[PDB]
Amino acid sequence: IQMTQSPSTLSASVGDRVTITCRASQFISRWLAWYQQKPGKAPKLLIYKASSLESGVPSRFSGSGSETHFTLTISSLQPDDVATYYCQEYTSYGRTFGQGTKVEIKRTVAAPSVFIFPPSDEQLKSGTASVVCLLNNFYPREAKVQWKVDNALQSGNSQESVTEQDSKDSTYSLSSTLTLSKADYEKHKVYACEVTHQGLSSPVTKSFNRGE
C-alpha cells in the first residue's frame, strides 16, 4: 500500500489558499488522517475521517476526499503554519504514511545584517581555529558568502547551516564557519567574509585584523 502525496514542497505568502493532494494506491474509504509536524516537535492531528476536524484546530483547516483521492486545504495561510504535513491511512492492520509536504512563506526581502567573530583564545590553544560569519533575519534563503584570508579567496574549508524559517518575521539566518590550523591562523592577518544577497545592492564585507 502506497500513499502518494503531492506536492513535495510549496511556497505561498500569508492569506493564500493552499491545497495538498494525497493520492492512495488503493481504495481506503475515508480512513485517512492529516498530521502537522513543526521542526523539532512531534506531529499533531489536524483531520480524521477525511473531513472531520480535530479539537483546537481552526476552521481554516479542511479535508475532503473519498476512495483514492484526498485533499488537505488551508484557506488562509498564517506565518506560524510553516511545517511539514503528512497523510496516514488506517484502513487495515498497519499504518501507511505519506511522503510529506513542506510549506514556507513568501515575504518582501529583508536585508541581512552581517557580523564577524574572530576565534577565541581558548580555541587557539586547542590547535584548530574557527572563524564564523553570521547573516541575520533575511529573505530569500539564497545568500553567497566568500571567505578572504590575507586578501586571498578561500575554498573547501567552510560549511553553512541555515535556520528554519522563523514563525514570526518569516526570515532565515545563515551561519558560515571557517576552519584552519593554529599555524595557518598565525601565518595570516586579514580575515574577511564578503556576502552578497538580493536585499543588499552592493556586497557588504565585514573583517578583522588578528591582534586588534
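Counting begins at 1, following the sequence as shown.
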Q: Could you check the entry and say whether 28-36 or 64-72 has the higher mean CA B-factor?
A: 64-72
Q | Stretch with the higher entry mean CA B-factor, where the candidates are 112-120 and 84-92 | A | 112-120
Q | C-alpha B-factor winner, where the candidates are 146, 52, 171, 151 | A | 171
Q: Can you work out whether the C-alpha temperature factor of residue 196 puts it in the lowest, middle or highest third of the chain?
A: middle
Q: Consider only the C-alpha atoms of the modelled residues in this chain, order them by B-factor as the entry records it, and name the third containing residue 59: lowest, middle or highest.
A: lowest
Q) Where does residue 41 sit by CA temperature factor within its chain: lowest, middle or highest third? A) lowest
Q: Report the third (lowest, middle or highest) to which the CA temperature factor of residue 183 belongs, ranking only the modelled residues of the same chain.
A: highest
